[PDB]
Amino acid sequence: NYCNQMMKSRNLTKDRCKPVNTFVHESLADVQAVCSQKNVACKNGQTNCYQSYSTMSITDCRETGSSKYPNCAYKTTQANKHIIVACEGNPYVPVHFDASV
């Protein structure tokens, strides 16, 4: 299961089980480029969020109901959607994943 292995490999579920996580299958530079695309408000109202002009390939990882540490279990769902990221710093790069429409 891609989700169980990647979450483990990336030090996400090595010391706990994280409910949900999203992996973007695009190039680093192509994702960083989103910080200068469509500006939109973040869920918290903040306006340093940006939406991708086009959809991107993603894999949504969600914990099943039988998941319990130390044996986390995820459900894998692939799809293509716009990603919304919050940007900060210089260079203006993504620091938070806000959502995917």
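Residues carry their position along the shown sequence, with the first being 1.
**Request:** Compare the mean C-alpha B-factor of 62-70 with that of 47-55 as given in the PDB entry, and name the stretch with the higher value.
**Result:** The entry gives the higher C-alpha B-factor average to 62-70.
**Request:** On mean C-alpha B-factor from the PDB entry, just flag whether 37-45 or 72-80 is the higher one.
**Result:** Stretch with the higher mean C-alpha B-factor: 37-45.
**Request:** Pull the Cα B-factor of residue 101 out of the PDB entry and bin it into the chain's lowest, middle or highest third.
**Result:** Highest third.
**Prompt:** Taking the entry's C-alpha B-factors for this chain, is residue 22 in the lowest, middle or highest third?
**Reply:** Residue 22: CA B-factor falls in the lowest third of its chain.
**Request:** Consider only the C-alpha atoms of the modelled residues in this chain, order them by B-factor as the entry records it, and name the third containing residue 4: lowest, middle or highest.
**Result:** Answer is lowest: the recorded C-alpha B-factor places it there.
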